[PDB]
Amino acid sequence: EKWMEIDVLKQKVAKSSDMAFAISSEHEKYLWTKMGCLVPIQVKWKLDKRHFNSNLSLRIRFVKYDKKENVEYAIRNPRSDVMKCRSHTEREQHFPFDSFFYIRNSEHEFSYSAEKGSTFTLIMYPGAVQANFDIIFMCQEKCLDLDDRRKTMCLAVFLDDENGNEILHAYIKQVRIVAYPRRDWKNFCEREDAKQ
């Protein structure tokens, strides 16, 4: 009927020193990347009958969650944004300066608002079934307070109809912004594959 997926552009990510992507044994998606690096994202979807000719928009959020507040709740909670640290905020030269992340090389027109949480909204057109763009993180795990460092950061996207109703969603279950993405990615893969 209808589905949506978010993934990194594998071709480029495949052997990059700056980022790495993997799937868990449970098929959830994991991304590790350095801050200040362009991560190539591709959002794809298939729509049902009633939306075939709909004008749609795509919302992009970057939130945190833990065992106490699950992913489905967190991604739609306007108060769950991952917060940029003080020093990266004031040192920021991309507007809005306090956003943890930015969208570049977007094939689609986009706008930004923090009203209901830091969100980039891609304006699309009837018939669009994919959205390509780079996302770049301007703060990192190392910057956060121990309690926040323990929470999981999540990149979530929502496909909305003309009336603003979410009709599909997808996310990268865990995103980590670290110094050596290949170290963490490798440890993750070995631990997963060890699982008989």
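So that there is no doubt, residue numbering starts at 1 and follows the sequence shown.
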_Between 134-142 and 61-69 (mean CA B-factor, as deposited), the higher_ = 61-69
*Which of the two stretches, 88-96 or 105-113, shows the higher mean Cα temperature factor in the record?*
88-96
*Which one, 152, 53, 42, 33, has the peak C-alpha temperature factor per the PDB entry?*
53
*When the CA B-factors of 173, 10, 176, 186 are compared as recorded in the entry, which is the largest?*
10
*Would you mind checking where the Cα B-factor of residue 82 ranks among the modelled residues of its chain, as the lowest, middle or highest third?*
middle
*Taking the chain's C-alpha temperature factors as the reference, tell me which third residue 194 falls into: lowest, middle or highest.*
highest
_Ranking the modelled residues of this chain by C-alpha B-factor as given in the entry, is residue 37 in the lowest, middle or highest third?_
middle
*Name the third of the chain's ranked CA B-factors that contains residue 166, choosing lowest, middle or highest.*
lowest
*Could you look up the Cα B-factor of residue 128 in the entry and say which third of the chain it sits in: lowest, middle or highest?*
middle
